[PDB]
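Residue numbers (the entry's author numbering): 11 to 79, 150 to 198, 205 to 247, 282 to 336, 342 to 446, 453 to 526, 561 to 642, 646 to 726, 738 to 984. By construction, the Cβ of each residue, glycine as well, lies at the ideal position given by its N, Cα and C atoms. Okay, so here's the structure we're looking at.
Pasting the structure below:
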């Protein structure tokens, strides 16, 4: 408005002063934050997300309660490196059988070990161990291998797959399977050698990565413990740094391509960093706000938002081609789009904050702060453009393509001419999207406790494939893991979406085991829990309470509940009082617990969560039946993973609803005349769901990362649609028909093209830079981009649908 125009004139008058007032702020923020704390440093690679679903609290509580109270025959602790049935390892095994190349590679690794990660021992052996008894020789003839294979097969009696005297060799085989009957060949070689013994330090790990690159007979996979976590940290460091740098480069390239701005555009990128600085600053005061993925989404979001802003500025410059006053008016029009984008981002933050996840919450905060930062950036960017106008050059690229804009215009025209046809195509795509959500199915599960895939690093990727080949070689060192207990210490988690330990010592509502009431209550618990857990199988059937009453009735003694509890605690004859129990030791008190095995533990939570839910209901009914109904947290280790998945699903849904709120807020910010962009926003959301489904087409499993990506994507898509939205809004009054839609699409097409290029660049740079560390994020970004472009072409058909029939 007038005052807004006045601020614009204030900026125009301060084409340099205004810019300084922001660039300096960025610098100061960078310094203060750097000095105050080392925010860029990340404590851990793991997300550690807290589900917060009435069960996550119980789990955290159980955790807290428990916490309250010949030569070189290296063991498993020594970092093992096994390569089996691989093209690289295959060459090694074939040459080992012929020229003994594998043995030489192992020796070379030992030589590298002497330098670092080396009393020091030469090397553990799997294949060299067999012939080692006869003699240690790098020659490695075939006759020795044949004899070794014969003894390996002779060891079928002890383990089906002399021979007993080679006990150490037998252990070697245990470590290296599928090399006896199959033989020492390219087929499942399973190196399994220990170059370093008991070495989880980071420096040996770094050397291990290079060693894994066959820099020191080709070895495919190697492993390291403890050192693996350090490697993952290094992965987050180097890989994310590279992808981010590439992102900045692409953004700069795009800026020059669109606006041919060599300093102001660069200043926009620097402004993105400034924004990150502001976010970091404000967040630090309110909380730690640290998460690796938070940084990843931060860089991605910044790239996209800044891209949008630059797109806005460029659109204004194109419309420009008093002049400063009209420039200001264009600044206002674009400011609307900037505001729309910011709205999308902020609501995205709201989505990630609704579901409290140690990871999702941080991403949300970074997004929100960076978003408001992007708004101030929308201002500064405008100032940057103003300065560009104030000065061209030091004191030159024509940047013009023949009929390119016209070519896009014609593309918009063709899309518009077949308004009915394109509309049908989009609707069909929407139907296909919903179908995908149905079939194969929206819900997905992770294949393990930590994550379905938890190795983004290449060397770590080899280590993961090694983990699988190890599962083949060595048995995974699953069974049921339920454990009902006495109570809950703190149902409320660490205050406000904060990853922390709310309490250290347990707590429970003061309840006493009334001799007649409690014993029978525990007995009933044992009976029903027997019907659910025992399942006619032998596994921790005895209950710390019923067994106690039994031992007491057998001992016949020496207010029965208190005395009996005291006697049992004093005695604890069987299984040391069932291992952990009576955690209420601060004062003489009796606590209860029970490790059960009702159902098998499954990595996937499709049914594992079904079982946890069934058990949850059974426990709920049991608690209902109990007369004192004293709260007891019946948590299970598996219940935690199931909850993580449940929370991920809850977050996705809450995010979608939040997206509904985003669309509503957008139209509320962009719809005062007759009609509303809600129809369009809904179409966009459908496109977002379509993108999610497309990710499924990419087989991206449903995981925390997948969730965060779905959120950021909802944002990117909303911004894409925002342009067309504001346009249709403005054009309806002017022509109210396919003609208005044509012109609106004409102006929109430019924005669409720019945003498309921006997203494509960010996604491409990020996905290739990291081999699965953040590749899922880049792929998701690309998916969002594709769905966005599709939705872009369909955006205008939406307007057509808005036109009266």
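Of the residues assessed, residue 54 falls on the exposed side of the cut-off, its CB having fewer than 16 other CB atoms within 10 angstroms.
When C-beta atoms of the stretch 880-900 are compared with those of the stretch 958-974, three or more pairs fall below 8 Å, so the two segments count as touching. Annotation: residue 206 to residue 192 spans about 13 Å, alpha carbon to alpha carbon. Where residue 813 is concerned, the enclosing beta strand (DSSP E) starts and stops at 813-815. DSSP places residue 581 outside any beta strand (DSSP E); the residue lies instead in the alpha helix (DSSP H), whose first and last residues are 569-582. Sequence-distant Cβ neighbours of residue 371 in its own chain, meaning closer than 6 Å and more than five residues away, are 944, 948. Distances from the alpha-carbon of residue 234 to those of 302, 574, 439 put 302 closest. Restricting attention to 444, 305, 849, 913, the CA atom closest to the CA of residue 902 is found in 849.
Put simply, of 434, 57, 624, 74 the residue whose alpha carbon is nearest the alpha carbon of residue 346 is 624.
Judged by pairs of C-beta atoms under 8 Å, the stretch 710-722 touches the stretch 758-773, as three or more such pairs exist. Listed as beta-bridge partners of residue 773 by DSSP are 652. Residue 892 and residue 56 have their alpha carbons spaced roughly 23 Å apart. Rounded to whole angstroms, the separation of the alpha carbons of residue 689 and residue 805 is 6 Å. Proximity to residue 575 across 33, 924, 953 peaks at 924, based on C-alpha coordinates.
Under the criterion of beta carbons closer than 8 Å, residue 169 and residue 309 qualify as touching, at roughly 5 Å. Rounded to the nearest angstrom, the gap between the Cα atoms of residue 404 and residue 441 is 27 Å. Taken through DSSP and simplified to helix, strand or coil, residue 223 comes out as coil. By the C-beta density criterion, residue 453 is exposed, having fewer than 16 other C-beta atoms within 10 angstroms. Taken in chain order, the complete alpha helix (DSSP H) segments of 4 or more residues contained in the stretch 847-917 are 857-876, 883-913. For residue 456, the three-state secondary structure derived from DSSP is helix. Within a 10 Å sphere around the beta-carbon of residue 505 sit 16 or more other beta-carbons, which makes this residue buried.
The C-alpha of residue 507 is placed about 11 Å away from the C-alpha of residue 500.
The bridge partners DSSP lists for residue 313 are 161.
In its chain, beyond the 5 residues on either side, 210, 288 have a beta carbon closer than 7 Å to the beta carbon of residue 153.
Classified as exposed, residue 705 has fewer than 16 neighbouring CB atoms from the shown chains inside 10 Å of its CB. Annotation: residue 982 to residue 936 spans about 30 Å, alpha carbon to alpha carbon.
A Cβ-Cβ separation of about 54 Å leaves residue 742 out of contact with residue 348 under the 8 Å criterion. Shown here, residue 153 sits in coil according to DSSP, grouped into three states, outside any helix or strand.
Here the C-alpha atom of residue 966 lies approximately 9 Å from the C-alpha atom of residue 863. Counting other Cβ atoms within 10 Å of its Cβ, residue 189 reaches 16 or more and is therefore classed as buried. Residue 79 and residue 760 have their C-alpha atoms some 10 Å from each other. Selection 491, 592, 466 evaluated against residue 969 yields 592 as nearest (Cα-Cα). Taking the C-beta atoms as reference points, residue 482 is found no nearer than 7 Å to residue 898. The C-beta of residue 912 has fewer than 16 other C-beta atoms within 10 Å across all chains shown, which makes the residue exposed. Here the stretch 513-522 makes contact with the stretch 24-32; the two share three or more CB pairs at distances below 8 Å. Shown here, residue 746 sits in a helix according to DSSP, grouped into three states.
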